[PDB]
Structures are given as C-alpha cells and as structure tokens.
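Coordinates as given in query-v3.pdb (PDB, C-alpha atoms and all ligand atoms):
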ATOM      1  CA  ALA A   1      -1.991 -25.278 -16.227  1.00  0.00           C
ATOM      2  CA  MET A   2       1.304 -23.397 -16.385  1.00  0.00           C
ATOM      3  CA  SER A   3       2.954 -25.905 -14.023  1.00  0.00           C
ATOM      4  CA  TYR A   4       1.801 -28.734 -16.287  1.00  0.00           C
ATOM      5  CA  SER A   5      -1.054 -29.378 -18.756  1.00  0.00           C
ATOM      6  CA  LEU A   6      -2.197 -31.830 -21.456  1.00  0.00           C
ATOM      7  CA  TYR A   7      -3.112 -30.002 -24.698  1.00  0.00           C
ATOM      8  CA  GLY A   8      -4.256 -33.222 -26.391  1.00  0.00           C
ATOM      9  CA  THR A   9      -3.456 -36.916 -26.959  1.00  0.00           C
ATOM     10  CA  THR A  10       0.172 -36.242 -28.019  1.00  0.00           C
ATOM     11  CA  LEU A  11       0.951 -34.884 -24.519  1.00  0.00           C
ATOM     12  CA  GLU A  12      -1.143 -37.751 -23.088  1.00  0.00           C
ATOM     13  CA  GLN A  13       1.712 -40.078 -24.003  1.00  0.00           C
ATOM     14  CA  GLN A  14       3.601 -39.134 -20.810  1.00  0.00           C
ATOM     15  CA  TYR A  15       0.506 -39.665 -18.590  1.00  0.00           C
ATOM     16  CA  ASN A  16      -0.780 -42.540 -20.759  1.00  0.00           C
ATOM     17  CA  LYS A  17       1.481 -45.117 -19.059  1.00  0.00           C
ATOM     18  CA  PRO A  18       0.770 -44.060 -15.422  1.00  0.00           C
ATOM     19  CA  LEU A  19      -2.400 -41.964 -15.960  1.00  0.00           C
ATOM     20  CA  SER A  20      -4.106 -43.796 -13.071  1.00  0.00           C
ATOM     21  CA  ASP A  21      -1.076 -42.891 -10.927  1.00  0.00           C
ATOM     22  CA  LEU A  22      -1.478 -39.296 -12.054  1.00  0.00           C
ATOM     23  CA  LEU A  23      -4.411 -37.456 -10.539  1.00  0.00           C
ATOM     24  CA  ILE A  24      -7.196 -36.083 -12.756  1.00  0.00           C
ATOM     25  CA  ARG A  25     -10.385 -34.703 -11.069  1.00  0.00           C
ATOM     26  CA  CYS A  26     -12.991 -31.908 -11.229  1.00  0.00           C
ATOM     27  CA  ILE A  27     -11.307 -28.587 -10.337  1.00  0.00           C
ATOM     28  CA  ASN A  28     -14.141 -27.961  -7.863  1.00  0.00           C
ATOM     29  CA  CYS A  29     -16.537 -30.911  -7.547  1.00  0.00           C
ATOM     30  CA  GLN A  30     -13.548 -33.090  -6.644  1.00  0.00           C
ATOM     31  CA  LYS A  31     -15.570 -36.175  -7.464  1.00  0.00           C
ATOM     32  CA  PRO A  32     -14.110 -39.201  -9.263  1.00  0.00           C
ATOM     33  CA  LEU A  33     -13.757 -38.310 -12.937  1.00  0.00           C
ATOM     34  CA  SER A  34     -14.962 -40.953 -15.326  1.00  0.00           C
ATOM     35  CA  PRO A  35     -11.945 -41.724 -17.458  1.00  0.00           C
ATOM     36  CA  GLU A  36     -14.465 -41.716 -20.253  1.00  0.00           C
ATOM     37  CA  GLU A  37     -14.534 -37.953 -19.815  1.00  0.00           C
ATOM     38  CA  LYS A  38     -10.748 -37.878 -19.514  1.00  0.00           C
ATOM     39  CA  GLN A  39     -10.462 -39.895 -22.679  1.00  0.00           C
ATOM     40  CA  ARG A  40     -12.295 -37.210 -24.616  1.00  0.00           C
ATOM     41  CA  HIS A  41     -10.045 -34.707 -22.852  1.00  0.00           C
ATOM     42  CA  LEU A  42      -7.017 -36.729 -23.910  1.00  0.00           C
ATOM     43  CA  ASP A  43      -8.460 -37.249 -27.398  1.00  0.00           C
ATOM     44  CA  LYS A  44      -8.239 -33.501 -28.035  1.00  0.00           C
ATOM     45  CA  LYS A  45      -9.281 -31.019 -25.341  1.00  0.00           C
ATOM     46  CA  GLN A  46      -9.044 -27.372 -26.247  1.00  0.00           C
ATOM     47  CA  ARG A  47      -7.131 -27.059 -22.942  1.00  0.00           C
ATOM     48  CA  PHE A  48      -6.630 -29.593 -20.104  1.00  0.00           C
ATOM     49  CA  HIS A  49      -4.636 -28.037 -17.207  1.00  0.00           C
ATOM     50  CA  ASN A  50      -2.574 -29.539 -14.363  1.00  0.00           C
ATOM     51  CA  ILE A  51      -2.022 -27.645 -11.099  1.00  0.00           C
ATOM     52  CA  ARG A  52       0.177 -29.186  -8.408  1.00  0.00           C
ATOM     53  CA  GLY A  53      -1.995 -31.106  -5.926  1.00  0.00           C
ATOM     54  CA  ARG A  54      -4.980 -29.990  -8.074  1.00  0.00           C
ATOM     55  CA  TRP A  55      -6.100 -30.995 -11.614  1.00  0.00           C
ATOM     56  CA  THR A  56      -8.588 -29.060 -13.793  1.00  0.00           C
ATOM     57  CA  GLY A  57     -10.474 -29.420 -17.087  1.00  0.00           C
ATOM     58  CA  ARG A  58     -14.009 -30.836 -16.989  1.00  0.00           C
ATOM     59  CA  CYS A  59     -15.008 -28.863 -13.987  1.00  0.00           C
ATOM     60  CA  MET A  60     -14.669 -25.807 -16.186  1.00  0.00           C
ATOM     61  CA  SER A  61     -17.621 -27.360 -18.022  1.00  0.00           C
ATOM     62  CA  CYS A  62     -19.419 -27.506 -14.646  1.00  0.00           C
ATOM     63  CA  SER A  63     -19.425 -23.689 -14.750  1.00  0.00           C
ATOM     64  CA  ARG A  64     -19.706 -21.234 -17.670  1.00  0.00           C
ATOM     65  CA  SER A  65     -18.338 -17.693 -18.087  1.00  0.00           C
ATOM     66  CA  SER A  66     -19.840 -14.857 -20.163  1.00  0.00           C
ATOM     67  CA  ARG A  67     -18.049 -11.926 -21.831  1.00  0.00           C
TER      68      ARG A  67
HETATM   69 ZN    ZN B   1     -16.940 -30.108 -11.602  1.00  0.00          ZN
END
Structure encoded using structure tokens:
Amino acid sequence: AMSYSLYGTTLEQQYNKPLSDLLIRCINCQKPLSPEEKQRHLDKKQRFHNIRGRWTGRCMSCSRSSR
C-alpha cells in the first residue's frame, strides 16, 4: 500500500524481473497465490498494495465491504 504498491502493469516492470523473488500472497488466507491471479492484477488492478512483510490485493476479493 503506502509503503509500496503496483497500480498496474507499468509498475509491474520493477517486479516483473524478480516477481518470484518478491512476495505476493492473500492478505489473510496466506495461501500460495496463483500467478494467474497476479497476472490479472498486474494486467490492470484497480489497486494492488504492498505492505512490508505482507502483500495484499486478491484477498480483498475474499471479503466484501458494504457502504
Ligand atoms: Zn484471501
């Protein structure tokens, strides 16, 4: 997130070389994230966020919020 985040594929360029080295995982399930899901995230996620030691994005999809 504020520490670091990937808005879309253009930002992916930094992680694109060592993305495997970089950690991407469910913010809460903490299960392996299929890079297929990350690829859509990288293709153009409304917001993919990076927290030190913790990564978030898809897990937000695991839960929903209502206004
Ligand atoms: Zn999750």
- Message: 12 Å from ligand ZN 1 (chain B) is the threshold here; counting all atoms listed in the file, which polymer residues fall inside it? Answer as number ranges by chain.
- Response: A: 24-34, 37, 55-64
- Hey, can you check how far atom CA of residue A:46 sits from atom CA of residue A:23?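 So the two atoms, atom CA of residue A:46 and atom CA of residue A:23, lie 19.2 Å apart.
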- Item | Residues near stretch 6-17 of chain A, cut-off 6 Å, all atoms listed in the file, skip fewer than 4 positions along chain, as a PyMOL selection string | chain A and resi 42-45+47-48
- Atom-to-atom span, atom CA of residue A:4 and atom CA of residue A:54, Å: 10.7 Å
- Task: With a distance cut-off of 6 Å and all atoms listed in the file, select the neighbouring residues of residue A:5, excluding the residue or stretch itself and same-chain residues fewer than 2 positions from it, and output the selection as a VMD selection string.
- Result: chain A and resid 1 48 to 50
Around all the atoms of stretch 64-67 of chain A listed in the file, draw an axis-aligned box and extend it by 4 Å on each of the six sides; I want its centre and edge lengths in Å to one decimal, as AutoDock Vina command-line options.
--center_x -18.9 --center_y -16.6 --center_z -19.8 --size_x 9.8 --size_y 17.3 --size_z 12.2
Take stretch 1-25 of chain A, bring it up to N, CA, C and O atoms, and give me the output as a PDB file, keeping the file's coordinate frame.
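The resulting file, rebuild_1.pdb, is shown below:
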ATOM      1  N   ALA A   1      -2.071 -26.503 -15.384  1.00  0.00           N
ATOM      2  CA  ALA A   1      -1.991 -25.278 -16.227  1.00  0.00           C
ATOM      3  C   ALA A   1      -0.534 -24.941 -16.509  1.00  0.00           C
ATOM      4  O   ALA A   1       0.189 -25.716 -17.103  1.00  0.00           O
ATOM      5  N   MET A   2      -0.100 -23.782 -16.110  1.00  0.00           N
ATOM      6  CA  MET A   2       1.304 -23.397 -16.385  1.00  0.00           C
ATOM      7  C   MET A   2       2.265 -24.410 -15.764  1.00  0.00           C
ATOM      8  O   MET A   2       3.262 -24.758 -16.366  1.00  0.00           O
ATOM      9  N   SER A   3       1.998 -24.911 -14.582  1.00  0.00           N
ATOM     10  CA  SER A   3       2.954 -25.905 -14.023  1.00  0.00           C
ATOM     11  C   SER A   3       2.994 -27.103 -14.961  1.00  0.00           C
ATOM     12  O   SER A   3       4.044 -27.550 -15.378  1.00  0.00           O
ATOM     13  N   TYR A   4       1.843 -27.599 -15.334  1.00  0.00           N
ATOM     14  CA  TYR A   4       1.801 -28.734 -16.287  1.00  0.00           C
ATOM     15  C   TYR A   4       0.413 -28.793 -16.935  1.00  0.00           C
ATOM     16  O   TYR A   4      -0.566 -28.381 -16.345  1.00  0.00           O
ATOM     17  N   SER A   5       0.299 -29.293 -18.132  1.00  0.00           N
ATOM     18  CA  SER A   5      -1.054 -29.378 -18.756  1.00  0.00           C
ATOM     19  C   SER A   5      -1.045 -30.352 -19.934  1.00  0.00           C
ATOM     20  O   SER A   5      -0.030 -30.550 -20.572  1.00  0.00           O
ATOM     21  N   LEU A   6      -2.174 -30.926 -20.271  1.00  0.00           N
ATOM     22  CA  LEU A   6      -2.197 -31.830 -21.456  1.00  0.00           C
ATOM     23  C   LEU A   6      -3.000 -31.147 -22.569  1.00  0.00           C
ATOM     24  O   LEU A   6      -4.211 -31.067 -22.502  1.00  0.00           O
ATOM     25  N   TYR A   7      -2.352 -30.661 -23.596  1.00  0.00           N
ATOM     26  CA  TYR A   7      -3.112 -30.002 -24.698  1.00  0.00           C
ATOM     27  C   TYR A   7      -3.993 -31.018 -25.423  1.00  0.00           C
ATOM     28  O   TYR A   7      -5.107 -30.729 -25.810  1.00  0.00           O
ATOM     29  N   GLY A   8      -3.479 -32.197 -25.648  1.00  0.00           N
ATOM     30  CA  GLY A   8      -4.256 -33.222 -26.391  1.00  0.00           C
ATOM     31  C   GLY A   8      -3.597 -34.595 -26.237  1.00  0.00           C
ATOM     32  O   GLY A   8      -2.761 -34.809 -25.382  1.00  0.00           O
ATOM     33  N   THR A   9      -4.002 -35.532 -27.047  1.00  0.00           N
ATOM     34  CA  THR A   9      -3.456 -36.916 -26.959  1.00  0.00           C
ATOM     35  C   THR A   9      -1.922 -36.949 -27.072  1.00  0.00           C
ATOM     36  O   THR A   9      -1.277 -37.741 -26.418  1.00  0.00           O
ATOM     37  N   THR A  10      -1.316 -36.147 -27.906  1.00  0.00           N
ATOM     38  CA  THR A  10       0.172 -36.242 -28.019  1.00  0.00           C
ATOM     39  C   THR A  10       0.820 -36.050 -26.641  1.00  0.00           C
ATOM     40  O   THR A  10       1.686 -36.805 -26.248  1.00  0.00           O
ATOM     41  N   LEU A  11       0.384 -35.078 -25.887  1.00  0.00           N
ATOM     42  CA  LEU A  11       0.951 -34.884 -24.519  1.00  0.00           C
ATOM     43  C   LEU A  11       0.530 -36.055 -23.626  1.00  0.00           C
ATOM     44  O   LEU A  11       1.227 -36.446 -22.712  1.00  0.00           O
ATOM     45  N   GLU A  12      -0.623 -36.607 -23.895  1.00  0.00           N
ATOM     46  CA  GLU A  12      -1.143 -37.751 -23.088  1.00  0.00           C
ATOM     47  C   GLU A  12      -0.105 -38.860 -23.015  1.00  0.00           C
ATOM     48  O   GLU A  12      -0.115 -39.666 -22.115  1.00  0.00           O
ATOM     49  N   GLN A  13       0.739 -38.959 -23.988  1.00  0.00           N
ATOM     50  CA  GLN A  13       1.712 -40.078 -24.003  1.00  0.00           C
ATOM     51  C   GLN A  13       2.486 -40.147 -22.682  1.00  0.00           C
ATOM     52  O   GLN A  13       2.730 -41.222 -22.169  1.00  0.00           O
ATOM     53  N   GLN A  14       2.867 -39.039 -22.105  1.00  0.00           N
ATOM     54  CA  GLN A  14       3.601 -39.134 -20.810  1.00  0.00           C
ATOM     55  C   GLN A  14       2.675 -39.690 -19.716  1.00  0.00           C
ATOM     56  O   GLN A  14       3.037 -40.583 -18.976  1.00  0.00           O
ATOM     57  N   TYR A  15       1.474 -39.171 -19.620  1.00  0.00           N
ATOM     58  CA  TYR A  15       0.506 -39.665 -18.590  1.00  0.00           C
ATOM     59  C   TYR A  15      -0.137 -40.990 -19.015  1.00  0.00           C
ATOM     60  O   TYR A  15      -0.701 -41.700 -18.208  1.00  0.00           O
ATOM     61  N   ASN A  16      -0.112 -41.297 -20.276  1.00  0.00           N
ATOM     62  CA  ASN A  16      -0.780 -42.540 -20.759  1.00  0.00           C
ATOM     63  C   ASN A  16      -0.271 -43.787 -20.030  1.00  0.00           C
ATOM     64  O   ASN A  16      -1.039 -44.680 -19.730  1.00  0.00           O
ATOM     65  N   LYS A  17       1.000 -43.888 -19.750  1.00  0.00           N
ATOM     66  CA  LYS A  17       1.481 -45.117 -19.059  1.00  0.00           C
ATOM     67  C   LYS A  17       0.955 -45.161 -17.615  1.00  0.00           C
ATOM     68  O   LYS A  17       0.336 -46.127 -17.215  1.00  0.00           O
ATOM     69  N   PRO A  18       1.203 -44.138 -16.831  1.00  0.00           N
ATOM     70  CA  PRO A  18       0.770 -44.060 -15.422  1.00  0.00           C
ATOM     71  C   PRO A  18      -0.407 -43.099 -15.205  1.00  0.00           C
ATOM     72  O   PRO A  18      -0.504 -42.471 -14.172  1.00  0.00           O
ATOM     73  N   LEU A  19      -1.285 -42.940 -16.162  1.00  0.00           N
ATOM     74  CA  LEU A  19      -2.400 -41.964 -15.960  1.00  0.00           C
ATOM     75  C   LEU A  19      -3.146 -42.266 -14.661  1.00  0.00           C
ATOM     76  O   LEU A  19      -3.496 -41.364 -13.926  1.00  0.00           O
ATOM     77  N   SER A  20      -3.391 -43.511 -14.347  1.00  0.00           N
ATOM     78  CA  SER A  20      -4.106 -43.796 -13.071  1.00  0.00           C
ATOM     79  C   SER A  20      -3.273 -43.250 -11.911  1.00  0.00           C
ATOM     80  O   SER A  20      -3.786 -42.668 -10.976  1.00  0.00           O
ATOM     81  N   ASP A  21      -1.981 -43.415 -11.990  1.00  0.00           N
ATOM     82  CA  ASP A  21      -1.076 -42.891 -10.927  1.00  0.00           C
ATOM     83  C   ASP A  21      -1.208 -41.378 -10.860  1.00  0.00           C
ATOM     84  O   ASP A  21      -1.144 -40.772  -9.810  1.00  0.00           O
ATOM     85  N   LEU A  22      -1.367 -40.769 -12.000  1.00  0.00           N
ATOM     86  CA  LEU A  22      -1.478 -39.296 -12.054  1.00  0.00           C
ATOM     87  C   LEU A  22      -2.894 -38.926 -11.658  1.00  0.00           C
ATOM     88  O   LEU A  22      -3.825 -39.679 -11.868  1.00  0.00           O
ATOM     89  N   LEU A  23      -3.060 -37.814 -11.020  1.00  0.00           N
ATOM     90  CA  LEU A  23      -4.411 -37.456 -10.539  1.00  0.00           C
ATOM     91  C   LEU A  23      -5.168 -36.520 -11.477  1.00  0.00           C
ATOM     92  O   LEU A  23      -4.797 -35.397 -11.691  1.00  0.00           O
ATOM     93  N   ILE A  24      -6.305 -36.963 -11.934  1.00  0.00           N
ATOM     94  CA  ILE A  24      -7.196 -36.083 -12.756  1.00  0.00           C
ATOM     95  C   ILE A  24      -8.556 -35.974 -12.034  1.00  0.00           C
ATOM     96  O   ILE A  24      -9.150 -36.979 -11.695  1.00  0.00           O
ATOM     97  N   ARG A  25      -9.063 -34.789 -11.780  1.00  0.00           N
ATOM     98  CA  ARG A  25     -10.385 -34.703 -11.069  1.00  0.00           C
ATOM     99  C   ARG A  25     -11.039 -33.342 -11.330  1.00  0.00           C
ATOM    100  O   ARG A  25     -10.392 -32.403 -11.750  1.00  0.00           O
TER     101      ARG A  25
END
